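We begin with a single chain expressed as structure tokens, specifically the form deposited in one PDB entry.
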């Protein structure tokens, strides 16, 4: 059946958008191009590999016990900036246990227990994301009302935060920090006698997810030891929200129908991950890949295995891709075999090497600096909820490009404007922090270790990538950034106390 049906009505904005300040942002104006790409008929033929894998997943999920969150708990874990409800309350009311929000949530819950059929309304919107130079359309976000989003947490928060790591073990990508991800990948690579690996990424993964996939996910969740009420709500949520439902735009008009994965529900990330893991493990078996190890974050997959030779590997990946296509998930680009860990890119990121103070080799996670640089450029002009600059400084703090350019530029703009002690909002790992720039040294030490302030002798490929990137975007080269940073460091050190600590740790690399 069709991933989507459309009525004719447009996907409309809810606010003042802006598609430029080179660097652009996606808007609702481009939503029609996205609608085209994500609209198609799915075909799926399962086989005994798929079935054998699923059976093993269920046997693991059957050892998981999960509880209901109370309304109260679910209210307290609602994110502070999520969309206000149609029925008269917002995120802030939910979190402060307003009687209006609580009585309406209890009523949504009771309706889920009592009605297991009526499709549930979702709003469709175009996501506003900054990119770099061609132009890609806006991604679509599809979410139900806030009261339903609280009930999803009641039914499933304990399941989605416990089950996946038990079912997928070390392949569950979301349990790792960047350093931990690197350690998994490097250890896996070094365990093979002749390592080969590849990344796979599915072409419109949300749209490839079928009704059967979503029902299979529910059946995994029902292997858990759950309270009766939980089982009924999870079934009712599966039938009324997860498999499909109607879409309505920001102006309350009927946009169409969805018969595929919603991007804006609690189970999206866990479901996608479980479903990809299931099809990818089955596809490794069809392909007959030797000593296979997988890392999965949504539909981003790395596989690392024993090479069987050059032409053998190339053919084996074709058989893998064929199997994945039969299971409903063709790739955006065909996967390529790699014999260098550094060349495998997934979740937009890759492993690279540098040296610590003692001269020990140290592996760290990096990425192409183009999009992060563009995004930080945008937040120099405008101002966001997410502060992607700061998040990137935190997650990629050991990288050459974050230390030399991102850290430098932003502590300079902060000295200039005297905003050192002003806290900034910052979305990292699905949660919104209030970050004080002088807190960074401690945050980076906690996330990456002290070696992050001390790494040198980076790999020549990484240095050249940063350098080509600066040149392509019009930003000063690295010699300029070393000079500026000597200046920024000097100032911070004059300011004493905590700002002196920033200068000492964050810019120790600039000293002569």
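Positions refer to the first chain, counted from 1. The term rigid core refers to the most C-alpha atoms you can superpose between the two forms while keeping them within 1.5 Å.
Peer 1: Would you say residue 334 goes unmodelled in a third or more of the other compared entries?
Peer 2: It is not, since residue 334 is included in all of the other entries that model both flanking stretches.
Peer 1: At least a third of the other compared entries: do they leave residue 134 without coordinates?
Peer 2: Yes, residue 134 lacks coordinates in at least a third of the other compared entries that model both of its neighbours.
Peer 1: Mind giving me a quick count class for deposited residues absent from the model between residue 133 and residue 134? Options are none, 1 to 3, 4 to 9, 10 or more.
Peer 2: The entry has 4 to 9 unmodelled residues between residue 133 and residue 134.
Peer 1: Which class describes the count of deposited residues lacking coordinates between residue 21 and residue 22: none, 1 to 3, 4 to 9, or 10 or more?
Peer 2: The entry leaves 10 or more residues without coordinates here.
Peer 1: Taking the recorded C-alpha temperature factors, which stretch has the higher mean, 11-19 or 494-502?
Peer 2: It is 11-19 that shows the higher mean C-alpha B-factor.
Peer 1: According to the deposited model, is the average Cα temperature factor higher in 86-94 or in 316-324?
Peer 2: Higher of the two, by average CA B-factor, is 86-94.
Peer 1: Which one of 27, 70, 62, 457 shows the top CA temperature factor in the record?
Peer 2: Most elevated C-alpha B-factor of the set, per the entry: 27.
Peer 1: In this PDB entry, which of 237, 113, 428, 354 has the top CA B-factor?
Peer 2: Answer for 237, 113, 428, 354: 428, with the highest C-alpha B-factor.
Peer 1: C-alpha B factor of residue 104, ranked within the chain: lowest, middle or highest third?
Peer 2: Middle third.
Peer 1: Would the CA B-factor of residue 367 place it in the lowest, middle or highest third of its chain?
Peer 2: Residue 367: CA B-factor falls in the lowest third of its chain.
Peer 1: Sorting by Cα B-factor within the chain, modelled residues only, which third would residue 33 end up in: lowest, middle or highest?
Peer 2: For residue 33, the deposited C-alpha B-factor lands in the highest third.
Peer 1: Test of reading the entry: by CA B factor among the chain's modelled residues, which third contains residue 279?
Peer 2: Lowest third - that is where residue 279 ends up once the chain's C-alpha B-factors are sorted.
Peer 1: Divide the modelled residues of the chain into thirds by Cα B-factor and specify which third, lowest, middle or highest, holds residue 190.
Peer 2: For residue 190, whose C-alpha B-factor we compare with every modelled residue in the chain, the answer is the lowest third.
Only in words, not in the display: the form deposited with a small molecule bound, which the text now covers.
Peer 1: Choose from 314-322, 388-396, 96-104, 155-163 the stretch whose residues reach within 4.5 Å of the small molecule in the entry with it bound, heavy atoms counted.
Peer 2: It is the stretch 388-396.
Peer 1: Report the residue, out of 363, 174, 143, 257, that has at least one non-hydrogen atom within 4.5 angstroms of the small molecule in the entry with it bound.
Peer 2: The residue in contact is 174.
Peer 1: Please tell me which of 384, 232, 349, 222 lies within 4.5 Å of the small molecule in the entry with it bound, judged by heavy atoms.
Peer 2: It is 349.
Peer 1: With a cut-off of 4.5 Å between heavy atoms, is residue 178 one of the residues that contacts the small molecule in the entry with it bound?
Peer 2: Output for residue 178 is yes: heavy atoms within 4.5 Å of the small molecule.
Peer 1: When the contact criterion is heavy atoms within 4.5 Å, does residue 188 count as touching the small molecule in the entry with it bound?
Peer 2: Outside the cut-off, so no.
Peer 1: Just checking whether residue 298 would be counted as a contact of the small molecule in the entry with it bound - the rule being heavy atoms within 4.5 angstroms.
Peer 2: Residue-level check for residue 298: yes, a contact with the small molecule.
Peer 1: Check residue 216 for me: does it contact the small molecule in the entry with it bound (non-hydrogen atoms, 4.5 angstroms)?
Peer 2: Contact check for residue 216: no, nothing within 4.5 Å of the small molecule in the entry with it bound.
Peer 1: Go through 113, 416, 314, 343 and flag the only one whose CA is off by 2 Å or more between the shown form and the other one, rigid core held fixed.
Peer 2: Among the listed residues, the one whose C-alpha moves by 2 Å or more is 416.
Peer 1: Once everything's superposed on the core, is residue 438 shifted 2 Å or more at the Cα between the shown form and the other one?
Peer 2: The answer is yes; the displacement is at least 2 Å.
Peer 1: Determine whether the C-alpha of residue 11 shifts by 2 Å or more between the shown form and the other one once the rigid core is superposed.
Peer 2: False for residue 11: its C-alpha shift is below 2 Å.
Peer 1: On a core-based superposition, does residue 425 travel 2 Å or more at its Cα between the shown form and the other one?
Peer 2: Where the cores coincide, residue 425 still shows a C-alpha shift between the shown form and the other one that is 2 Å or more.
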